[PDB]
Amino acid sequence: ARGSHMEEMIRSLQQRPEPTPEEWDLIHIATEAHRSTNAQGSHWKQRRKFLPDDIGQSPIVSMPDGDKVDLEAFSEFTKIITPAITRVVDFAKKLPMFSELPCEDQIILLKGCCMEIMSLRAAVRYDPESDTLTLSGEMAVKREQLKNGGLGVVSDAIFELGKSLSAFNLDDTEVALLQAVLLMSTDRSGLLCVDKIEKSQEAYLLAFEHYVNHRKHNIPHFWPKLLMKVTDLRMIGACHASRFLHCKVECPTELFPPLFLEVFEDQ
């Protein structure tokens, strides 16, 4: 019927496929890679400081879509963006299927997912009571502030994602696997090792579907619902890439930290 008598008893309430031992090892590695690079781990809610409320209310630099930029808010956010980008690279480097790619492939994949991953890490720290996001576990920001400091409607999409993810009760492994599925994408141009990257994505997706089955979440249809959030995050990444091109047409390079320009000054 099954396996041994013990195995069937332990699996008695399981229906759905659980992770294999090899998937559990993949899951453990990705979870630890995320927790060792996710800032302020559990400490974030006490240790975050609100962005002063008089910053972000003065958008005066024009943009093509008519959502203007407040340069002082954009400066406060870019001031802390280089350590946050650096943690996404630290995370990817800790995944063996990423670190074994050619160096050129690893840079293309990191450029392709960086905003998706930093937006997910802000959105999972949405706080319903203050209606804020937390940036790098330290800066609490209101919708108006993040919208006027350069993101424009991107910030609304991240807040909407953050508010919707509260009911999903994601744990650190789910966040780490959504990050690995975002990272291991072949939807980018100029990759060499396409088949290998697709195979990794498929291994991460299936470990992730089996870990979701293991967790027995209390909202129904959890796995497709979570896939639809991955799609929302890729839309957020595309919106940000379009918006960042416009930033650079409008504003001088001196305002953009070198690593921020490198990861996104892109297509």
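All residue numbers are counted from 1 along the displayed sequence.
*Asks:* Per the PDB record, is the mean Cα temperature factor higher over 134 to 142 or over 172 to 180?
*Replies:* 134 to 142 has the higher mean C-alpha B-factor.
*Asks:* Which is higher in the entry, the mean Cα B factor of 202 to 210 or that of 49 to 57?
*Replies:* Per the PDB entry, the higher value belongs to 49 to 57.
*Asks:* Checking the entry, which one of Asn148, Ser119, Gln106, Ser185 has the top C-alpha B factor?
*Replies:* Checking the PDB record, the top C-alpha B-factor among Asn148, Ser119, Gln106, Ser185 is at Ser185.
*Asks:* When the modelled residues of the chain are sorted by Cα temperature factor, does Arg87 land in the lowest, middle or highest third?
*Replies:* It falls in the middle third of the chain.
*Asks:* Would you mind ranking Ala167 by its C-alpha B-factor against the rest of the chain and naming the third, lowest, middle or highest?
*Replies:* Its C-alpha B-factor, which the entry lists for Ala167, ranks in the highest third among residues of this chain.
*Asks:* Using only modelled residues of the chain, where does the Cα B factor of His34 rank: lowest third, middle third or highest third?
*Replies:* Lowest third.
*Asks:* Would you mind ranking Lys94 by its C-alpha B-factor against the rest of the chain and naming the third, lowest, middle or highest?
*Replies:* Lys94: CA B-factor falls in the lowest third of its chain.
*Asks:* For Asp232, does the deposited CA B-factor place it in the lowest, middle or highest third of the chain?
*Replies:* Middle third.
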